[PDB]
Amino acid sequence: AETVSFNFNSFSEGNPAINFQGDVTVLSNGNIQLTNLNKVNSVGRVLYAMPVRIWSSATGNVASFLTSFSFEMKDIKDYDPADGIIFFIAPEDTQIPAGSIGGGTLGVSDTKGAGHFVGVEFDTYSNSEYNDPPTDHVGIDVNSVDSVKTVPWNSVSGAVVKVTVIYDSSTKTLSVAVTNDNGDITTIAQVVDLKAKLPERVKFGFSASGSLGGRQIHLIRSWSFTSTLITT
């Protein structure tokens, strides 16, 4: 079968395996910082350089993937914790959205909240403008920052989070599982025909954003991904 599999326990600029779009800054400790704290409307994304072919117009098949990653969002004195991180899939040609300001497009949509991508969001700030549930949540976005489905979650400053994602090729089920510091697990799941929303070749990555009054650190500590596309 056709399989893609990489693994990052640390990061460093110059690695041809990763493309940095935006205010992404790599720390001297192999950690990725997605947003710039001294900017209004900061926006940053990190992408796996090579396009992965998720489905075949020939086979009709759609790949399954098992990806897990860890992150951390520490608060900063006199600032609203926002906007949150986001793990997403987009067309190989994906450009980084327009930086916006009070806004919270998580770096994947326009001022309105539209965009061509599919992703899991770890949102920590409500925006009446995009239907943001009253509090912190994990969502499943499909071409819109107005999550298709959402589940109550709670973000804890300085806490390392572990996230395991599974996608079933057949059942077209995207299933997330958020492991918190204390132990408790948060989970959400949703059907998303990857073959219906995304072109054959897409790209995987993490994106973030901030506002004029909303800022915080967004750290991607590690990432491991594996996808297999049956073809025969």
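What we label the rigid core is the largest C-alpha set whose atoms superpose within 1.5 Å from one form to the other. Quick note: we count residues from 1 along the sequence shown, nothing fancier.
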### 134 to 142 against 99 to 107 - segment lying farther from this form in 8 other deposited structures of this protein (CA RMS, rigid core fit)
99 to 107
## Note on the structure
Higher Cα RMS in 8 other deposited structures of this protein relative to the shown form (core alignment), 89 to 97 or 68 to 76, goes to 89 to 97
### Task
Identify the stretch, either 64 to 72 or 36 to 44, whose C-alpha atoms have the larger mean B-factor according to the entry.
36 to 44
#### Entry: Higher-B stretch (mean Cα B-factor, as the entry records it), 178 to 186 or 159 to 167
178 to 186
## Note on the structure
Comparing C-alpha B-factors across 90, 140, 114, 106 in this entry, the winner is 114
### Query
Which third of the chain holds residue 3 when residues are ordered by C-alpha B factor: lowest, middle or highest?
middle
### Task
Sort the modelled residues of this chain by their C-alpha B factor and say whether residue 203 lands in the lowest, middle or highest third.
lowest
### Chain thirds of CA B-factor: placement of residue 78
highest
### Message
Sorting by Cα B-factor within the chain, modelled residues only, which third would residue 121 end up in: lowest, middle or highest?
### Response
middle
### Message
Could you place residue 58 in the lowest, middle or highest third of its chain by Cα temperature factor, using the values in the record?
### Response
highest
